[PDB]
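One structure is given here, and the rest of the page talks about it.
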4 protein chains.
Amino acid sequence: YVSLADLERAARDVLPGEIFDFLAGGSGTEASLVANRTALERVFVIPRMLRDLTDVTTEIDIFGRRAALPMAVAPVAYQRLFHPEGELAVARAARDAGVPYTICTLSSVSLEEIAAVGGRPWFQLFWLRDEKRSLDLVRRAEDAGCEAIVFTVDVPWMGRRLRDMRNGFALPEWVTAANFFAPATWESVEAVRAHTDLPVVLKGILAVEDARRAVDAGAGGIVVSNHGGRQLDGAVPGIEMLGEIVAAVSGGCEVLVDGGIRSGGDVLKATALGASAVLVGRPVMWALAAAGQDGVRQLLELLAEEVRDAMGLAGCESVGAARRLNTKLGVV
Amino acid sequence: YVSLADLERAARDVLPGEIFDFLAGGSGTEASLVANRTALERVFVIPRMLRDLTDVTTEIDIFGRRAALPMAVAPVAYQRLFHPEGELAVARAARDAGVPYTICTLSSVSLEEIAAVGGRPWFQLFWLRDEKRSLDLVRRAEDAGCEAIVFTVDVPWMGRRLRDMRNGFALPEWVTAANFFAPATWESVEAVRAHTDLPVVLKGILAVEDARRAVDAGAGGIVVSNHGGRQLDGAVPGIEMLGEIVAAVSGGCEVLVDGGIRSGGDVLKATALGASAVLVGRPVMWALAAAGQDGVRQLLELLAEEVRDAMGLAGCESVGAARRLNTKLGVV
Amino acid sequence: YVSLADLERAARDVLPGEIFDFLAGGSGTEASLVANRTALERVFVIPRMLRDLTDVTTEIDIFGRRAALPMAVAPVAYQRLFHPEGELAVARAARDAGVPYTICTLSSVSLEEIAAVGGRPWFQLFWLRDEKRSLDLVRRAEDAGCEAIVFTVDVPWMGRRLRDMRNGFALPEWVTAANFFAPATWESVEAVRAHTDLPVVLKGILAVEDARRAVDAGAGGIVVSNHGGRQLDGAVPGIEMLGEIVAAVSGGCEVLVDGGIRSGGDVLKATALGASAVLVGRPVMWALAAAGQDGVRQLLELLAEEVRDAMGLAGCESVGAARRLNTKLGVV
Amino acid sequence: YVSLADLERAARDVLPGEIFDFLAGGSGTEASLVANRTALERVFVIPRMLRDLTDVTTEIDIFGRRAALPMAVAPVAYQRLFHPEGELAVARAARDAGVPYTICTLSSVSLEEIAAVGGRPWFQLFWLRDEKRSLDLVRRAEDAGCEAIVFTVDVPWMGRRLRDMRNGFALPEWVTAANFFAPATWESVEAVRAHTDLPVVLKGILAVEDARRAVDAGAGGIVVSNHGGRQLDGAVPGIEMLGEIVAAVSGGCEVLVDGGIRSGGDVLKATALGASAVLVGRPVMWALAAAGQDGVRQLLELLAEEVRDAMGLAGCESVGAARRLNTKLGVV
Ligand SMILES: Cc1cc2cc3c(=O)[nH]c(=O)nc-3n(C[C@H](O)[C@H](O)[C@H](O)COP(=O)(O)O)c2cc1C
Ligand SMILES: Cc1cc2cc3c(=O)[nH]c(=O)nc-3n(C[C@H](O)[C@H](O)[C@H](O)COP(=O)(O)O)c2cc1C
Ligand SMILES: Cc1cc2cc3c(=O)[nH]c(=O)nc-3n(C[C@H](O)[C@H](O)[C@H](O)COP(=O)(O)O)c2cc1C
Ligand SMILES: Cc1cc2cc3c(=O)[nH]c(=O)nc-3n(C[C@H](O)[C@H](O)[C@H](O)COP(=O)(O)O)c2cc1C
Ligand SMILES: [Mg+2]
Ligand SMILES: [Mg+2]
Ligand SMILES: [Mg+2]
Ligand SMILES: [Mg+2]
């Protein structure tokens, strides 16, 4: 594999069509799914030359701990759909690569088992029927050693996935929600913040004032995201709001972005627009489907090479330097 | 049916080619027909998160009465072209869905029969040979219980529909103007306003100063519209003038928009740009052609689901909240 | 024929490939040829409603005389290439339609014969080897009753027409320059202006300061034009400079435009951007090739219908009103 | 050959696929390779008319010597890959055309042999393992009569060429680096500047502040360049930074540009945006592959004709006049 696109082709060959569609699809007409890619393709980096690259490092510190790259594995539900080892294979490869792994509320292996793999597990929360149940899930994650609560804030309910409807897609009987919903509000965020010492990261912020309010609410970070184009069809890509959001928060929390990251060059674009780090979703599942744990390992080593390559070619010895790069919008 | 596009495919299968062309076509090169879709596809919504959605409602008040959605059925002439029950089937489904139905001057069933269906009938007016005849038609509509006069202001004459010319399209002998023209002016608007207590709504406004003059003329509303790309080929899409027009009228009348609305997400875009409500034309006729009254019912229930879905995903418990959403233009 | 595109298809059927290529082609990569069309397709008109259309007229006064439309036939060389009657057929149809006809310096019938047809002949000048010969040609045109000198200013030499090179295209022996070159300068313009009482119109102006200098030089008009994309490959379309040029000349001369006018809607766009009138080139030759004089007659009657249709739909009872229309750029 | 594209077609026919791919390819997804062309295609020139063209000249003075065109042959490694005579054939044709030729550090014929051809040889430098070796290479070039040191500053290491990886491309045993690396810094630039009296030209500058720093560092010129899209995938095209860079340097050094120059019209665009001269890479190799020295001669004579044609059509008797042309961005 020399690009992430090699992995998509491999995953399409192996997966049943309806499972590939569950993974690949978005809501509605898939306008936001496509726009995530269009937006990145419009961004061009203005690289710097002739800087000291004797000690190029892709490492960052985030939520109190080092990560080997400015990247984490995005929460993706039901990973046993893609490979029999599911979440354990992905978490093992992420741990070995020094990349945080986001455990899902809807994981097909229990959060305690995934956390036992080690590494830097984060936990993604969906708000449950009642506050007590929701906070018990947060407590389980904390007790198991998860290092951040990634509270998904863009799913009052799941969006309308037309591929799944047309396929009549249902979970196989051999895939379950191994950890076992009502719309979250700012009051829910406060309940979580008051119930944990872990950083709370709000995933799915797109409006500038919601980013500001996230800081005021005590969030340790946000993920600027349209949920991979799976929620509101027509929601702006996170990458298009990122610069405005970074300016408005003015360092008050970590600002991550996701949606359509498909190369180290895309990571560089995200950092040049101001992101602290990115999440990567579908490509990790392509690698899992294609070759299990070893596939994910190969994907992460390819991304690490691409990130180092892009940073050095752009004159950046550190991720902080990459955040100071300028960009110019073009046409594609 | 999981999208409005399912209905177009069904209607193309059943309708004779020349009738499908009468419905689908625009004037000239169809530049304005295509631009109605292009314009909507360029708009992206910036959704809000974490708001109270316990009582999400898609209802609005317009022209003194509640509507179940921020939408009405646009005036489309000669509905018996598409199904034997024609206007009665559409009006029955609209009534049952709580959506206003616009009766045409060129309806293939008399306006009194359509009004007798019940619901919230509006009446669309074309200006006739002389003021007296025009005002008699307005009086008939009022006597029959129509709740608004939708005065079409963009048809001094009908545009040049090249599909119809190439097809030699003519009305079948079994379709007639069951209610049975000169260019309307501002004097005609005043004659109507002085002759009825019903709200007068000017359909086909695109220039900002025409919207302002509409308010000054006593209009209760306007429809910002290029007539579905059927009138001036090269006329700007209504959606592209909507924001400027909403600012200029500053609440002095209701501001509706039409042209290319094909999903609840498109309704959300229109409201985020400032519209009070939208009209929907061709998709209603697709549903009528595909399955008569039940087809229209299914279309309206699908649109209701899509509107509720889009509003909630965007953090809007009411249409008023949706009007306060921000947007960002993208590339497609 | 219901559109000008019908005529292109007819002309392609009848003409030898190398002659069609001589007519259709541009210089270099044909970037400016294509851009003439792209530019018009990006312009949208903001029509006005409810205005008095009792006496809609497409007539204008230009260079002292009435024209039936805001249009003239552009100078196109060697019209016998397209039909045996060549320039006489086109001039007869133009006369009958009330449209000025531009006689070429490189006409395949003598300018005196074409002028004898009557109508409103203009004469297009290429600067010749020496001032004396050039001025004799101007004097011939004036003596024959031509009403304006259209001095082509964008041909210091002919551009590089790759279709013609690849075809090895040469004039047939039966086509000659029946009136029988050095680069023109501002001194040449002054020599012409001092030698005739006819209005001098500079064809091929694109730079704002060249338009201003044209007024200062005593020109009665300019044609904002990239020569149909046949001269500098990469020259901006005239339609894209028109608004800036109209503002800079501030009524000091007539401002015409050409390049890619293919419908009455395109004429409306040009006038809304500020043009006094347009020239039309290739479509007139398509009509000539397809059906001789009667073909040109049909083209001009179609254009007249389209211009009247577009003006009325846009609320314009006169061309002056159309010049006051606003426009909005879109995407295509 | 009537366009540079004729030469690409000829080269694709003759070269082995993997060698054509080495020449044609870029890094990553080839976004920057494509953008070099997209950017030029968006630029339109505003030509001037009626200027004195009695003595049109395409000559410039650069680095102390006359050149026949505002163009030089870009450094392209291993020219024996494309033709048995390799660099000698290209240098001979460049000399005969009056165009400077850039000798590569990775040339397949020694720099002394290429310099012995005569003409105006420049020397492109890659920074070597240590300062002493690097400066010895500079000294060799100076001793051999090279007239400028083109220090490549955008290659801390070579980019990731996916075509080469997928082809498993390797140099044939019959091609070697006949002159026989560590990342260059500003200290390396200073070491070169202090070690030679020749002008030092920094190739691969894209950031405005790097252009300013180049002037402050004593560079005699810069090449605004993304290395033909072969280095950072996603780097902005040089043509898009050129105007801003020309303004910032305010005549303090020569400002060249490269990337996607494919015609004399493209040369005109580059000069109108402010470039002193362009480099041309791939097309020179197409000509070499197609027909050796005579092929390169034909390419350079075609480019000379196209440059003269474009300049005159735009009203420019000199390259300085072309730099004063204005431009307008369009859509393609
Ligand atoms: C099959 C699938 C399931 C989930 C389940 C979740 C989830 O239970 N909670 C959550 O908070 N985000 C989810 N996501 C979104 C994900 O976390 C990233 O937001 C996007 O995948 C980023 O885009 P790509 O990198 O995929 O473009 C999913 C994405 C995909 C494709
Ligand atoms: C076949 C057909 C007949 C009519 C007859 C009328 C009419 O006698 N009076 C009027 O005032 N508007 C009409 N219209 C325009 C319509 O009311 C809406 O303006 C558009 O259809 C909105 O666009 P879509 O929702 O269709 O894109 C029509 C549209 C179509 C397609
Ligand atoms: C075959 C052909 C010959 C000529 C000869 C001349 C000419 O001896 N003098 C002149 O001054 N302009 C010419 N022109 C340009 C023409 O007058 C109009 O500028 C464009 O044709 C407008 O574009 P379309 O309406 O054609 O797009 C020509 C255009 C075409 C196609
Ligand atoms: C096969 C190939 C080898 C080299 C080797 C070098 C090099 O050892 N040093 C350097 O400094 N630039 C190089 N280049 C870039 C070149 O000098 C021009 O920057 C681009 O080719 C301009 O774009 P095109 O005119 O090619 O679009 C190369 C370009 C190509 C295609
Ligand atoms: Mg991503
Ligand atoms: Mg609509
Ligand atoms: Mg024209
Ligand atoms: Mg180049």
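Positions of Cβ are backbone-derived with ideal geometry, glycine not excepted, and every protein chain shown enters the neighbour counts. None of the figures in this text is laboratory data; all of them are computed from the coordinates on show.
What the table below lists for this structure:
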read-out	value
Within segment C:48-60, tally of residues that are surrounded by 18 or more Cβ atoms within 10 Å (Cβ to Cβ), part of a loop (DSSP other than H, G, I, E, B) and away from chain B (no Cβ under 14 Å)	1
Given (1) within 16 Å of ligand 7 (Cβ to nearest atom); (2) of a type in the set (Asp, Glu); (3) under 14 Å from C:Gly320 (Cα atoms), index of the condition C:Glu59 fails	(1)
Segment C:301-314 - residue that is surrounded by 24 or more Cβ atoms within 10 Å (Cβ to Cβ) and of a type in the set (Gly, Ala, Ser) and, of those, farthest from ligand 8 (Cβ to nearest atom)	C:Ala314
All positions within segment B:117-130 that are farther than 10 Å from B:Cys146 by Cα and more than 16 Å from the chain's Cα centre (by Cα)	B:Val117, B:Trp127, B:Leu128, B:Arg129, B:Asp130
Conditions (1) facing chain D (nearest Cβ under 8 Å); (2) over 19 Å from C:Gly281 (Cα atoms): number failed by C:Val153	(2)
Checking D:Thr176 against (1) hydroxyl-bearing (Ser, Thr, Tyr); (2) more than 19 Å from the chain's Cα centre (by Cα); (3) not in a loop (DSSP other than H, G, I, E, B), the condition it does not meet	(3)
Check on A:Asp309, within 11 Å of ligand 1 (Cβ to nearest atom), in a helix (DSSP H, G or I) and not hydrophobic (A, V, I, L, M, F, W, C)	no
Candidate set: segment D:15-30, residues that are small (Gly, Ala, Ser) and touching a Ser or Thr at 6+ places or on another chain (Cβ under 8 Å); chosen: the one nearest to the other protein chains (Cβ to nearest Cβ)	D:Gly28
Test: residue in segment D:239-251 that is within 15 Å of ligand 4 (Cβ to nearest atom) and in contact with a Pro (Cβ under 9 Å, 6 or more places away or on another chain)	no
Elements of type helices (runs of 4 or more DSSP H) in segment B:184-300, at least 3 residues being within 14 Å of chain C (Cβ to nearest Cβ), buried (at least 24 other Cβ atoms within 10 Å of the Cβ) and more than 10 Å from ligand 2 (Cβ to nearest atom)	B:208-216, B:238-249
Check on C:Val236, in contact with a strand residue (DSSP E or B) (Cβ under 8 Å, 6 or more places away or on another chain), more than 19 Å from C:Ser32 (Cα to Cα) and among the β-branched types (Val, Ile, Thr)	no
Segment C:117-146, residues that are within 19 Å of C:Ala94 (Cβ to Cβ) and either exposed (fewer than 14 other Cβ atoms within 10 Å of the Cβ) or not hydrophobic (A, V, I, L, M, F, W, C) (or both)	C:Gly118, C:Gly119, C:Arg120, C:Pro121, C:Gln124, C:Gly145
Segment A:93-106, residues that are under 22 Å from A:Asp143 (Cβ atoms) and crowded, with 21+ Cβ neighbours inside 10 Å	A:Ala94, A:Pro100, A:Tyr101, A:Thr102, A:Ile103, A:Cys104, A:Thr105
Among the residues listed as C:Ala67, C:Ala89, the single one being more than 27 Å from C:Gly243 (Cβ to Cβ), aliphatic (A, V, I, L, M), more than 16 Å from ligand 2 (Cβ to nearest atom) and away from chain B (no Cβ under 14 Å)	C:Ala89
Residue, surrounded by the fewest Cβ atoms within 10 Å (Cβ to Cβ), within segment D:316-326, restricted to residues that are more than 8 Å from chain C (Cβ to nearest Cβ) and not basic (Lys, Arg)	D:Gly320
Some residue of segment D:299-322 being of a type in the set (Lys, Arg) and under 17 Å from the mean Cα position of the chain (by Cα)	no
Any hit, segment D:58-65, residues being touching a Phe, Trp or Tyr at 6+ places or on another chain (Cβ under 9 Å) and among the hydroxyl-bearing types (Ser, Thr, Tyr)	no
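Residues are listed down the side, and each one gets a yes or a no for (1) closer than 29 Å to B:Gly234 by Cβ; (2) away from ligand 6 (no atom under 16 Å from the Cβ); (3) surrounded by fewer than 19 Cβ atoms within 10 Å (Cβ to Cβ); (4) more than 16 Å from the chain's Cα centre (by Cα):
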{"site": "C:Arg37", "(1), (2), (3), (4)": "yes, yes, yes, no"}
{"site": "C:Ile62", "(1), (2), (3), (4)": "yes, yes, no, no"}
{"site": "C:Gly86", "(1), (2), (3), (4)": "no, yes, no, yes"}
{"site": "C:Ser108", "(1), (2), (3), (4)": "no, yes, no, yes"}
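This table checks each residue for (1) out of contact with any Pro (no Cβ under 9 Å at 6 or more places or on another chain); (2) not basic (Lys, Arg).
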site	(1), (2)
A:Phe82	yes, yes
A:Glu87	yes, yes
A:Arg92	yes, no
A:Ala97	yes, yes
A:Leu106	no, yes
A:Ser110	yes, yes
A:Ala115	no, yes
A:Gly118	yes, yes
A:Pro121	no, yes
